[PDB]
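**Q** Quick one: the structure is below, and I'll ask about it shortly.
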Amino acid sequence: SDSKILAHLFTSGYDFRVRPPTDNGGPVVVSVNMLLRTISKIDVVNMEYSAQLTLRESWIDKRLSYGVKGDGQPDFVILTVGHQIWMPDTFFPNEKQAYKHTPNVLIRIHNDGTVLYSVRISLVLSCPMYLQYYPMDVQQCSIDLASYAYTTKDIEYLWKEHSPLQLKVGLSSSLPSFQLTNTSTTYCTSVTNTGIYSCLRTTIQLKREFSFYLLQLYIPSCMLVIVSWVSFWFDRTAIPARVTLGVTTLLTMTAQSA
Amino acid sequence: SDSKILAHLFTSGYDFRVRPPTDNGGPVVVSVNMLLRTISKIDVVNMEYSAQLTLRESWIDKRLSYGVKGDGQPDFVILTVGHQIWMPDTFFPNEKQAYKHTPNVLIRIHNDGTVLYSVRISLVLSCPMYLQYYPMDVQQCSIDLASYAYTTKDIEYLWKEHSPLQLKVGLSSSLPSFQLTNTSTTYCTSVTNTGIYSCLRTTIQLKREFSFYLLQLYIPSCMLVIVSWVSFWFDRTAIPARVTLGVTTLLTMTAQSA
Amino acid sequence: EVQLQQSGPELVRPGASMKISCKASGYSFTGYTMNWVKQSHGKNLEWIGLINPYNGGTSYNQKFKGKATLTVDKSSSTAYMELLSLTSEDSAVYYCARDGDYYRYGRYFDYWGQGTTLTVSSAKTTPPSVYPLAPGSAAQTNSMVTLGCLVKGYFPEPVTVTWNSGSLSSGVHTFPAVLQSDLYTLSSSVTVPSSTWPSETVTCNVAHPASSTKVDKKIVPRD
Amino acid sequence: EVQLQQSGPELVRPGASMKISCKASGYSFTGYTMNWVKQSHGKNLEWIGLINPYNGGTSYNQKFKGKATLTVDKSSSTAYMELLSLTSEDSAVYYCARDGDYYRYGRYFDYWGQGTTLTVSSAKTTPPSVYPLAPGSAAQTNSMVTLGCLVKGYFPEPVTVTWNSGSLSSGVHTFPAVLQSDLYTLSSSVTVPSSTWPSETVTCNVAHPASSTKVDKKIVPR
Amino acid sequence: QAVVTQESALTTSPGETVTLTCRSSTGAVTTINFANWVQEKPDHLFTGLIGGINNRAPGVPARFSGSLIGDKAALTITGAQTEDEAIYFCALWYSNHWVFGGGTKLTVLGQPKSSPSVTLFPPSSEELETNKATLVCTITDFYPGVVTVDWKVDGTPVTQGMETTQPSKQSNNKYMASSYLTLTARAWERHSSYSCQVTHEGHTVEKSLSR
Amino acid sequence: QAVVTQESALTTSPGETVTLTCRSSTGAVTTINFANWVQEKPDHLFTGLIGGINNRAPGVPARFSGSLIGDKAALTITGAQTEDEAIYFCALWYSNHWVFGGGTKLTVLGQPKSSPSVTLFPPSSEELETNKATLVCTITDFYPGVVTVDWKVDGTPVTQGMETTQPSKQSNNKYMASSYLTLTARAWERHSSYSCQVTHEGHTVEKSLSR
Ligand SMILES: *[C@@H]1O[C@H](CO)[C@@H](O)[C@H](O)[C@H]1NC(C)=O
Ligand SMILES: *[C@@H]1O[C@H](CO)[C@@H](O)[C@H](O)[C@H]1NC(C)=O
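Spelled out as structure tokens, the structure:
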């Protein structure tokens with residue numbers, strides 16, 4: 001019976017190139033729920049990281065309303081392949097080095116006209132990092148999200164009211180070289196030469212384990228500097244003692260530094 | 001004669017977008033047989049591994065039943081290119097960095116309506132690894148499997164009753180850096196914000212050869228610590244002896260550690 | 001060990017709404033999903049729905065769409081359940097039941113809570129109308145006699161029935177309170193030797209703490 | 001060396017079913033695929049099907065679809081073969097034959113098992129009726145006299161034929177039985193001096209284990 | 001939609017093997033039904049047993065075991081114990097939701113079976129002026145907790161107007177319940193003779209009353 | 001489907017070269033038929049020889065060699081031995097299954113040929129009371145192990161009612177055989193003269209009997 005309802009909707013004059021109607025003439029409200037699957041390849045050198053996520057967008061298209069009040073029809077109807085529905089031309093501004101597969108897509112049309120869009124994407128995103136503090140630093144990478152063609156008068160994005168950003172079970176552990184301390188959903192809507200475009204930015208904060216770098220780098224050299232001191236407690240007469248101590252410690256440090 | 005039977009089936013009102021009928025109105029039972037061809041590129045850093053496999057799915061679509069009892073017609077008929085058959089929208093949840101070829108596909112339609120689907124896929128799957136125990140650890144990588152669009156009311160996966168997971172002849176030997184100890188077929192059906200989706204998870208357990216890492220890393224330093232002790236058995240007067248022993252052993256260890 | 005301590009029983013009027021708590025302890029709360037089951041008097045065990053503390057997703061029975069609303073607070077390890085538009089029907093005992101698998105829906109029941117008794121009625125407080133019950137037109141007396149004491153029409157429960165102020169603690173029966181429309185009702189039996197009764201005398205003791213009413217009713221065998 | 005020891009011979013009634021085993025030893029069992037061959041009395045060597053110990057994959061003859069069911073247990077290095085809806089026709093000797101190539105179907109036969117004799121007969125156990133056989137009147141003496149017994153209408157095989165409780169052990173020939181009306185019929189003859197006949201009394205000792213019968217029958221010339 | 005049918009109640013001895021069934025109304029109970037079994041101790045105490053594909057709640061005795069005998073779900077207790085006496089519920093998965101059953105009341109006899117002590121009681125006159133007639137029929141001291149109650153008041157066929165309570169355990173481990181009557185005061189005078197029969201262990205016991 | 005035709009039986013001397021053929025009914029024997037050759041020793045002993053494309057079973061003598069002479073499969077033994085005396089079966093691959101042939105009975109002379117020793121036995125006086133008559137023709141000490149058996153009563157070769165056992169290896173490698181002719185008692189007394197005609201190596205050895 002779902003195929004009979006999808007027929008009734010698109011058999012009408014529906015144009016998937018036309019922005020959905022607004023009662024006020026205003027923009028189209030797009031609710032956004034985001035889900036971070038996995039994060040990897042945090043490239044310090046090429047300033048980029050590979051993150052994999054699941055995006056959920058939601059808006060109201062009164063044209064697609066079949067049941068309205070419903071309560072005698074299915075709550076939502078899954079869209080089958082072959083029917084075009086207008087969707088927000090969402091793009092990632094900071095996306096880089098990206099090739100797109102295709106399908107991992109899901110489109111639901113609720114009776115009131117509410118549409119749910121679900122999609123899986125793997126993205127490489129540029130992340131400017133600052134390494135003044137090495138190795139005890141902290142980086143903040145982001146995923147920006149906005150429309151390309153439609154301005155602020157036609158579409159405006161809003162983070163979902165609850166848990167806008169969700170993370171896979173063991174994401175904090177999953178990361179190879181960094182530890183994720185914090186997450187954050189903010190707005191990054193800006194004004195460009197072409198116009199004012201609405202934009203969402205999710206942000207993760209990575210800082211490193213001081214413990215590792217302490218044992219691997221710092222503690223070894225502390226021992227070497229201490230060794231260089233015990234030549235002072237030897238008398239002046241013992242030339243072979245203090246020469247060997249001094250030159251070996253320096254050779255060792257050069258190797259350690261190497 | 002096989003082309004005459006395939007003609008008779010699809011000349012009717014078959015819709016490949018429509019879920020197969022169930023006598024109870026319940027979900028569509030999907031039997032799953034899996035075959036691990038090869039495993040390689042076990043990336044500790046990027047938390048991913050390249051695995052190549054052969055998936056076999058099996059369900060009953062009464063619409064495609066041609067012979068029913070048969071016993072006077074071929075047991076199954078290989079589906080030729082050009083005919084669309086409904087299939088479970090199977091996807092891999094943990095799949096990453098994946099581009100899909102195309106074809107290496109095989110579709111059989113048994114007389115009773117039982118369909119067999121065989122496919123070859125190369126997958127890169129995220130595998131969170133924990134390296135608390137180095138190098139004497141053990142990792143467990145998985146391959147998750149589920150439907151994307153259809154929920155638990157329309158489709159439910161079940162591991163095949165016998166030998167759900169099969170491995171190529173020398174898989175345990177084939178791996179470069181790990182040794183495969185165990186395999187495991189379990190369920191990972193979970194509850195998400197969109198609904199309850201059936202899911203299968205096959206799992207492999209990799210642990211490393213202690214023998215190698217013992218000879219390469221541990222034993223050498225054991226000799227170095229022992230050497231550092233023989234300066235105690237020398238008298239105090241031999242300054243060139245114990246100085247050289249002490250400073251060289253430390254320089255050697257820094258190199259060894261390097 | 002694990003524990004699922006729910007909230008204390010509630011008494012509310014039709015049209016209103018309230019929330020039943022269920023605190024978890026002993027396991028990683030965000031791991032296992034949670035169920036909710038309705039045990040009504042008239043109907044069998046009904047299933048309300050389920051919720052995943054880590055996902056935050058929920059899936060309700062088709063019958064309970066809008067009747068129940070499952071929520072969860074990770075910081076306190078507790079699942080919740082609101083019940084809107086309460087009526088006389090929704091009066092039952094509600095349990096919360098954990099699933100058994102770690103961070104996955106294994107579809108099987110693990111631990112249950114002790115439950116929570118939800119009494120939803122629009123009836124006021126009412127004192128017990130106790131009537132003496134004795135054998136009428138009995139054929140023979142056989143070294144024994146069972147007597148009665150019908151406590152009819154009280155609200156809300158419970159009542160505490162004793163005989164002669166707890167004199168004899170032998171053979172005092174007390175039945176479950178089967179209720180009519182708007183009124184609750186139970187009874188209570190007692191067994192005594194046939195020769196001890198005409199001299200010892202009897203007094204039914206019915207106390208009603210909801211109205212602070214305590215009643216004594218001597219049984220008259222004159223019929 | 002390698003070995004393929006099969007199960008012991010079986011006697012069952014029509015309609016029933018049973019399983020013939022074939023244990024392997026001497027090689028990596030999961031390596032070489034296995035065949036099954038039917039040697040019937042009436043027909044030539046027939047081919048049942050084959051099975052891959054590693055895959056568990058199988059391919060049957062078109063004739064044997066449903067008649068046979070090949071299985072395998074890797075833990076014991078043994079191939080199996082079930083035979084459903086047994087009849088009088090399926091009575092034969094069944095062999096298992098290994099393929100010759102390592103982890104690949106080289107399509108050539110390697111080692112065979114000793115085989116397993118499957119006798120499926122709808123007959124109840126019947127005792128042997130022994131009749132003496134000797135030349136006819138006239139045309140006598142000449143060369144050394146040939147005499148013989150005739151075991152007729154017995155079931156099931158075998159029958160041990162001896163002479164004078166196992167004394168005559170030369171010229172003693174026992175010809176194979178051939179079943180007629182589902183009961184076996186065997187005959188055995190011996191040669192002896194013509195000067196010692198009919199003077200010395202010779203007698204065959206026929207024994208039928210399943211009937212637990214041991215009947216002696218003296219030979220008398222016409 | 002559909003209904004799950006369990007046995008009414010079953011009885012077994014300590015050390016023996018008992019099997020509870022669980023029938024579906026849609027058809028055979030398959031592996032995709034994920035048959036669950038939940039044990040209800042007295043005072044509203046529940047705990048899961050078998051479920052999913054082969055899963056068991058932590059702390060479930062080995063004597064408990066799940067299976068699919070015939071075309072319905074099966075809970076088999078090999079080596080019954082005294083504490084295994086409770087009400088057993090089974091649930092089945094139908095596409096999106098759980099459907100419980102009637103629940104089987106399992107009895108592991110700790111004591112020899114006891115005959116019911118049923119007596120009927122005539123309505124007091126202090127409530128007949130309320131034009132309501134309540135006949136109180138008390139049943140005490142029986143084991144197991146299986147009691148059927150019919151009423152041959154007036155004529156022999158009973159139409160409607162009666163309510164009975166669930167069997168409640170006593171201190172001497174015997175069970176106890178009561179069955180009342182909901183008729184007007186007019187019926188008290190118009191009806192000739194009253195009856196309150198109770199069958200226990202297939203042994204019926206009637207009581208009479210005439211006024 | 002199709003049939004594989006081998007020679008009936010062939011004879012050769014030790015040290016000489018013999019060639020067995022293997023004809024297909026579908027057409028010429030190609031490489032995709034993967035001709036196999038299997039040797040059947042007495043007492044049901046089988047071993048593979050040549051097969052596949054050029055494969056040989058481990059332990060197969062060099063004198064054995066495969067080829068495709070003409071349009072049929074060929075097993076050639078250059079330098080025959082006494083122990084190579086057995087029955088040789090060849091099999092052909094037809095798309096999905098193996099098909100054996102009749103099998104050729106190869107004879108390597110370990111000793112010069114000897115004519116068959118034939119003796120005919122009448123029905124038993126005791127067995128004539130069963131209304132069944134059994135004439136027995138025992139054939140001993142013939143080599144090679146090939147024998148034709150014909151029965152003639154009143155000058156007429158009788159088809160139905162006769163069987164002959166397969167030639168079997170003896171203690172002295174001179175094959176043996178037996179042929180029984182079953183008639184009715186009324187038949188045995190009705191006819192007069194009986195005859196068992198044996199044929200070996202083109203020679204003919206008669207054996208008659210009269211009532
Ligand atoms: C983490 O983010 C929250 C939300 O903005 C903020 O309150 C908090 O200060 C942040 N913590 C750190 C590590 O600064
Ligand atoms: C391998 O997995 C199986 C099934 O989970 C288990 O029985 C076995 O003990 C495991 N062995 C190892 C190496 O842990």
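Residue numbers (PDB author numbering), protein chains in the order written: chain A, 1 to 102, 106 to 261; chain E, 1 to 102, 106 to 261; chain J, 1 to 223; chain I, 1 to 222; chain M, 1 to 211; chain O, 1 to 211. Yeah, the Cβ is synthetic: ideal placement off N, Cα and C, and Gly gets one too.
Please classify I/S195: does DSSP put it in a helix, a strand, or coil?
**A** Stepping through the fourth sequence from its first residue, residue 195 of chain I is reached at position 195. If DSSP states are grouped into helix, strand and coil, I/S195 belongs with the helices.
**Q** Assign O/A177 to one of two classes, buried (16 or more other C-beta atoms within 10 Å of its C-beta) or exposed (fewer than that).
**A** Along the sixth sequence, one-based indexing puts residue 177 of chain O at 177. It counts as buried.
**Q** So which residues on chain M does J/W112 lean against when the C-beta distance must stay under 8 angstroms?
**A** On the third sequence, position 112 is the one that residue 112 of chain J refers to. Here the neighbours are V38, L45, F46, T47 and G48.
**Q** Give the DSSP-derived three-state secondary structure of O/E163 in the structure shown.
**A** Taking the first residue of the sixth sequence as 1, we reach residue 163 of chain O at position 163. Strand.
**Q** Tell me the start and end of each unbroken beta strand (DSSP E) in the region 14-52 of chain M that is at least 3 residues and wholly inside, in chain order.
**A** 17-24, 36-41 and 45-48
**Q** I'd like to confirm something about A/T184: is its beta-carbon nearer than 7 angstroms to some heavy atom of ligand 1, or not?
**A** Start at 1 with the first residue of the first sequence, and residue 184 of chain A comes out as number 181. Because some heavy atom of ligand 1 lies under 7 angstroms away, the Cβ of A/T184 counts as near it: yes.
**Q** Applying the criterion that 16 or more other CB atoms from any shown protein chain within 10 Å of the CB defines a buried residue, is E/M226 buried or exposed?
**A** As a first step, residue 226 of chain E is located in the second sequence; it is residue number 223 there, counting from the start. Its Cβ having fewer than 16 others within 10 Å, E/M226 is exposed.
**Q** Listed from N- to C-terminal order along the chain, which residues in the region 21-36 of chain E have their beta-carbon within a distance smaller than 9 angstroms of any beta-carbon of chain M?
**A** Within the region 21-36 of chain E, the qualifying residues are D23, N24, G25, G26, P27 and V29.
**Q** Would you check if there are 3 or more beta carbon pairs closer than 8 angstroms linking the region 43-63 of chain A to the region 115-133 of chain A?
**A** yes
**Q** Any beta-carbon of chain J closer than 8 angstroms to the one on M/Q81?
**A** If you number the fifth sequence from 1, residue 81 of chain M lands on position 81. False, the Cβ-Cβ gap to chain J never drops below 8 angstroms.
**Q** Given the structure, does A/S187 come close to ligand 1, in the sense that its CB is under 7 angstroms from one of the ligand's heavy atoms?
**A** Taking the first residue of the first sequence as 1, we reach residue 187 of chain A at position 184. Within the cutoff, so yes.
**Q** For the region 179-201 of chain E, which residues have a beta carbon sitting closer than 8 angstroms to at least one beta carbon of chain J?
**A** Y190, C191, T192, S193, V194, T195, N196, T197, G198 and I199
**Q** Three-state secondary structure (DSSP) at A/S193?
**A** As a working note, residue 193 of chain A is residue 190 in the first sequence. Looking at A/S193 - three-state DSSP - the assignment turns out to be strand.
**Q** DSSP on A/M256, reduced to helix/strand/coil?
**A** Taking the first residue of the first sequence as position 1, residue 256 of chain A is located at position 253. Correct three-state label for A/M256: helix.
**Q** How should I/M81 be labelled, buried or exposed, when 16 other C-beta atoms within 10 angstroms of its C-beta is the threshold for buried?
**A** To locate residue 81 of chain I, count along the fourth sequence from 1; it is residue 81. Buried: at least 16 other Cβ atoms inside 10 Å.
**Q** Taking the C-alpha atoms as reference points, what is the distance between J/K23 and M/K105?
**A** Locating residue 23 of chain J in the third sequence gives position 23, counting from the first residue. Locating residue 105 of chain M in the fifth sequence gives position 105, counting from the first residue. J/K23 and M/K105 have their C-alpha atoms spaced approximately 30 angstroms apart.
**Q** State the beta-bridge partners of O/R56 as determined by DSSP.
**A** Here residue 56 of chain O refers to the residue found at position 56 when the sixth sequence is read from its first residue. Looking at the DSSP assignment, O/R56 forms a beta bridge with O/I50.
**Q** According to DSSP, simplified to helix, strand and coil, what is I/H173?
**A** The residue labelled residue 173 of chain I in the question sits at position 173 within the fourth sequence. For I/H173, the secondary structure class from DSSP, reduced to helix, strand or coil, is strand.
**Q** Measuring straight from C-alpha to C-alpha, what distance separates M/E127 and M/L181?
**A** Looking up residue 127 of chain M in the fifth sequence gives position 127. Looking up residue 181 of chain M in the fifth sequence gives position 181. When rounded, the distance between both Cα atoms is 13 angstroms.
**Q** Kindly say whether residue 233 of chain J, judged by its beta-carbon, lies nearer than 8 angstroms to any beta-carbon of chain A.
**A** As shown, chain J starts at 1 and ends at 223. That puts residue 233 of chain J outside it, with no answer to give.
**Q** Which residues in chain J have a C-beta closer than 8 angstroms to the C-beta of A/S166? List them in chain order.
**A** Here residue 166 of chain A corresponds to residue number 163 of the first sequence, with the count starting at 1. The contacting residues are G56.
**Q** Under 8 angstroms, with one C-beta from each stretch per pair, do the region 140-159 of chain E and the region 205-212 of chain E reach the 3-pair mark?
**A** For the pair of segments examined, the region 140-159 of chain E was found to touch the region 205-212 of chain E: the number of CB pairs separated by less than 8 angstroms reaches three.
**Q** Can you tell me whether DSSP reads A/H165 as helix, strand or coil?
**A** Mapped onto the first sequence, residue 165 of chain A falls at position 162. Coil at A/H165, not helix or strand.
**Q** Which residues bound the beta strand (DSSP E) around O/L120?
**A** Counted from its first residue, the sixth sequence places residue 120 of chain O at position 120. Element bounds for O/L120: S117 to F121.
**Q** Classify I/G26 as helix, strand or coil using the three-state DSSP reduction.
**A** As a working note, residue 26 of chain I is residue 26 in the fourth sequence. In the structure shown, I/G26 sits in coil (DSSP, three-state: anything other than H, G, I, E or B).
**Q** Label A/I242 either buried or exposed according to how many other C-beta atoms from any shown protein chain fall within 10 Å of its C-beta, with 16 as the threshold for buried.
**A** For the purposes of this step, residue 242 of chain A is identified with residue 239 of the first sequence, where counting begins at 1. By the C-beta density criterion, A/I242 is exposed, having fewer than 16 other C-beta atoms within 10 angstroms.
**Q** So I/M34 is in the beta strand (DSSP E); what residue range does that whole segment cover?
**A** Residue mapping note: residue 34 of chain I aligns to position 34 of the fourth sequence, counting from 1. Counting along the chain, the beta strand (DSSP E) containing I/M34 begins and ends at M34 to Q39.
**Q** At the 8 angstroms Cβ level, is I/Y131 part of the contact set with chain E, yes or no?
**A** On the fourth sequence, residue 131 of chain I is found 131 positions in, with the first residue counted as 1. It does not: the Cβ of I/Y131 has no partner Cβ on chain E nearer than 8 angstroms.
**Q** So is E/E48 buried or exposed if we call it buried at 16+ other beta carbons inside 10 Å?
**A** As a working mapping, residue 48 of chain E is identified with position 48 in the second sequence. Buried, because 16 or more other Cβ atoms sit within 10 Å of the Cβ of E/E48.
**Q** Can you name the start and end residues of the alpha helix (DSSP H) that residue 214 of chain O belongs to?
**A** This structure gives no information on residue 214 of chain O, because the portion of chain O shown stretches from 1 to 211.
**Q** List the residues of chain E that A/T205 touches, going by C-beta distances under 9 angstroms, in chain order.
**A** The count along the first sequence starts at 1 and reaches residue 205 of chain A at position 202. Those do not exist, as A/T205 stays about 17 angstroms from chain E at its closest Cβ, beyond 9 angstroms.
**Q** Check whether chain I comes within 8 angstroms of O/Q170, counting only Cβ atoms and requiring the distance to be less than that.
**A** Residue mapping note: residue 170 of chain O aligns to position 170 of the sixth sequence, counting from 1. Yes, because at least one Cβ of chain I sits closer than 8 angstroms to the Cβ of O/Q170.
**Q** Let me know if I/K65 comes out buried or exposed under the rule of 16 or more other beta-carbons within 10 Å of its beta-carbon.
**A** Taking the first residue of the fourth sequence as 1, we reach residue 65 of chain I at position 65. The residue in question, I/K65, is exposed, as its Cβ has fewer than 16 Cβ neighbours within 10 Å.
**Q** Which residues, taken in chain order from the region 80-109 of chain J, show a beta carbon closer than 8 angstroms to some beta carbon of chain E?
**A** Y103, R104, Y105, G106 and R107
**Q** Can you name the start and end residues of the beta strand (DSSP E) that A/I146 belongs to?
**A** Along the first sequence, one-based indexing puts residue 146 of chain A at 143. In the DSSP assignment, A/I146 falls within the beta strand (DSSP E) that extends over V141 to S150.
**Q** Roughly how many whole angstroms lie between the Cα atoms of A/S187 and J/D110?
**A** Taking the first sequence and counting its residues from 1, the one referred to as residue 187 of chain A is at position 184. Taking the third sequence and counting its residues from 1, the one referred to as residue 110 of chain J is at position 110. Distance between the alpha carbons of A/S187 and J/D110 is about 36 angstroms.
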